């Protein structure tokens, strides 16, 4: 079961809508994730937009207790890969921004643009359990026009 490889964002849910709309820090268009267990690190490559233009990021996080990872980006983040199937990853992340506000978010990742409903239903359930309403879910594939 390998989690490392190409991963593209299809949907994101957030307890704070200010963090996921147009040009927001967490409207994240993932491209790949590499879990380096020997060195207890994780490598994340994704695009985001500022001023409506795509910008690329390559971050390095550190493995912590309970299969969680810490990474700095728009404040401090602690995330976990809550679910993994042969076709998807569901990530749960808690962000504390520079102003100190806390936000919980969820993201569904896949190998391309063709979503499997089985994975999507699990994403909606994880999102609900985290107290995030359905109306707070954004369709990221629909918004991802950044480079491959």
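Numbering follows the first chain given and starts at 1.
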Legend entry - Stretch exceeding the other in mean C-alpha B-factor - 51-59, 98-106: 51-59
Inset, instruction - Look up the CA B-factors in the entry and say which stretch, 33-41 or 88-96, has the higher mean. - result: 33-41
Legend entry - CA B-factor placement of residue 67, once the chain's modelled residues are sorted into thirds: highest
Inset, instruction - Name the third of the chain's ranked CA B-factors that contains residue 115, choosing lowest, middle or highest. - result: highest
Inset, instruction - Within this chain's modelled residues, let me know which third the CA B factor of residue 22 belongs to: lowest, middle or highest. - result: highest
